[PDB]
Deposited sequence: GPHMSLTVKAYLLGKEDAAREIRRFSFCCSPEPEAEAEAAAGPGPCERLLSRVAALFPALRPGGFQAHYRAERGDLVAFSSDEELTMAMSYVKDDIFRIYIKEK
């Protein structure tokens, strides 16, 4: 349940936290509460595919999609600002 959230080109701020009322909603609320410059609806979540490419998730579906794609034992997240 180990999360490492990269605020983004390159990484500009990195925040780490644990995380197990939708999943995607709970996580995006965790991310919105942890990054001072972030407010709800103001950002886009991403994960990386095995090919390396960034891909937006925005629902519970695309979230488990993202999780399958994360095998480290560490779930990685990439946030862009709208």
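Note: segments 1-5, 14-16, 29-42 of the deposited sequence have no C-alpha coordinates in the structure.
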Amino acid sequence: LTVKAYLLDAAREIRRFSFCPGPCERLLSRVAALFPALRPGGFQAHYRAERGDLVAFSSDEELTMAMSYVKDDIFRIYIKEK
From here on, numbers count along this sequence of modelled residues.
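As listed in the deposited structure, the average C-alpha B-factor of 32-40 and of 51-59 is greater for 51-59. When the two stretches 9-17 and 67-75 are set side by side, the higher mean Cα temperature factor goes to 67-75.
When the modelled residues of the chain are ordered by C-alpha B-factor, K80 sits in the middle third.
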